[PDB]
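First the structure, in the form of structure tokens, and then the observations on it.
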Amino acid sequence: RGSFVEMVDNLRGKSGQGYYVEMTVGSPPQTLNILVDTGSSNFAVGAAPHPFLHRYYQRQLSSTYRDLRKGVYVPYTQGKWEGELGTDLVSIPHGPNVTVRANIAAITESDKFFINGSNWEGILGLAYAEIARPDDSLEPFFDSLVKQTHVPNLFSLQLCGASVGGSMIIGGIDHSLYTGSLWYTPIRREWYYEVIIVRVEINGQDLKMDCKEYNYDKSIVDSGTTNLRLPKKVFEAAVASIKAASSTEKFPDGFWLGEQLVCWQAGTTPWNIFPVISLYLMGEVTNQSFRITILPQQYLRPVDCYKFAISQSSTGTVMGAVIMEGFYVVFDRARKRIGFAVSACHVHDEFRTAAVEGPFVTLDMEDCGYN
Ligand SMILES: N#Cc1ccc(C(=O)Nc2ccc(F)c([C@@]3(CF)N=C(N)OCC3(F)F)c2)nc1
Ligand code: NA
Ligand code: NA
């Protein structure tokens, strides 16, 4: 408990391409790099020589592979894969010292799914069975891990942004990865890692929207998305504040829509003109909340050119890597809650830091949830 030196620094990645962990599948073990995704629930790996892939799962080499005799077709908004379901033995070399029999979707066809130039070749969905495809009887990897072993039912993520890196601590928390205290928000329902945002501030100024707007139709914590996505109305209000707060430089309108980059002469990005953004999350106690604060170092991504990485959503709020890179995030499944603490590795300057602060007094938090 509290100390997991073998798992520290077990994540890698490249700017814009996600954080992946090494895994082994089958017997003998085949090594694969697998993207860590708290926004989905399938363990799915390339299983055919797609040209973008460095490595892929060759089921014919595994004496422990078992076919489920069932296909799966998974369309997303942009992109899709299809695959054949089976189970095999899986382990995590820089992770707990166990092997589990897990479901694996062998991806045999895909479109706009793999990234040309990336170094991963599958995805580990860490969310709940309810959003698993094709349905919720396909048990997700972490559920299998916890049923078949004594690994406790929680994992934590420290994502260190830009070549990126971090730590996925499986079964525990490592205190050297954060400073100050962890603050917890309830998981509102076990499907995505759904949470409730109860107030939004831009440089300390409240957007003063009806808080149900903040969670329209859900808010989730998603390591498989780069941006902070905001419901359209909230995004509109939020941009108007940020634009106002930075109004000393003007940028194309296109910029704020993620449609154009902005560039400054190297080593001169004027961070100080851009405001901090705070989300207050529902706390553990009635009428109690706490607040996480991020910097422009988080929401202006380097591509010295930058992309504005807060964007409009039609799927609710998505607290992607733009939020998570500021914090150490604990997915405390056993107690249905998500903890945040300031990450010991987050990108900051000599004037401002990411922050997690409480308790605050917030009434009518239950009304913030959308039904
Ligand atoms: N920083 C960061 C960063 C940068 C990139 C990537 C990334 O490529 N993520 C990715 C790839 C393929 C996917 F297919 C997904 C899915 C699979 F479910 N997962 C979530 N969460 O949302 C989009 C999605 F399509 F639904 C994600 N991730 C994070
Ligand atoms: Na167990
Ligand atoms: Na600490």
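Here are a few things to note about the model shown:
- Number of the exception - residue 27 against (1) touching a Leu at 6+ places or on another chain (Cβ under 7 Å); (2) surrounded by fewer than 20 Cβ atoms within 10 Å (Cβ to Cβ); (3) not in a loop (DSSP other than H, G, I, E, B): (3)
- Residue 242 crowded, with 21+ Cβ neighbours inside 10 Å, outside the structural domain of residue 77 (by CATH) and away from ligand 2 (no atom under 16 Å from the Cβ): no
- Taking (1) closer than 28 Å to residue 232 by Cβ; (2) buried (at least 21 other Cβ atoms within 10 Å of the Cβ); (3) not β-branched (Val, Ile, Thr) in turn, residue 339 satisfies each apart from (1).
- Filter result for residue 347 (more than 16 Å from ligand 1 (Cβ to nearest atom) and in the same structural domain as residue 179 (by CATH)): no
- Residue count for the stretch 140-174 satisfying the condition of being of a type outside the set (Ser, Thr, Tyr), within 14 Å of ligand 2 (Cβ to nearest atom) and out of contact with any strand residue (DSSP E or B) (no Cβ under 6 Å at 6 or more places or on another chain): 10.
- Selection count where residues are touching a helix residue (DSSP H, G or I) at 6+ places or on another chain (Cβ under 6 Å) and either farther than 16 Å from residue 355 by Cβ or part of a loop (DSSP other than H, G, I, E, B) (or both), scope the stretch 268-282: 3
Per-residue answers, yes or no, for (1) outside any strand (DSSP E or B); (2) touching a strand residue (DSSP E or B) at 6+ places or on another chain (Cβ under 6 Å); (3) farther than 21 Å from residue 224 by Cβ:
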residue	(1), (2), (3)
322	yes, yes, no
329	no, yes, no
335	yes, no, yes
338	no, yes, no
346	yes, no, no
349	yes, no, yes
352	yes, no, yes
367	yes, no, yes
371	yes, no, yes
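- Residues considered: 316, 320, 339. Of these, the only one that is on the phi > 0 side of the Ramachandran plot and of a type in the set (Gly, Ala, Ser) is 316.
- Sole exception among (1) β-branched (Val, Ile, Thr); (2) under 17 Å from residue 226 (Cβ atoms); (3) under 15 Å from the mean Cα position of the chain (by Cα) for residue 303, by number: (3)
- Within the stretch 38-71, the set of residues being crowded, with 23+ Cβ neighbours inside 10 Å and assigned to a strand (DSSP E or B) comprises 43, 44, 45, 46.
- Exactly one residue among 60, 78 is outside the structural domain of residue 308 (by CATH) and touching a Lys or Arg at 6+ places or on another chain (Cβ under 8 Å), and that residue is 78.
What is reported rests on the model, the rules as stated and the sources as named; none is laboratory data. Note that each Cβ is placed from the backbone with ideal geometry, even for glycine, and that neighbours are counted across all protein chains shown.
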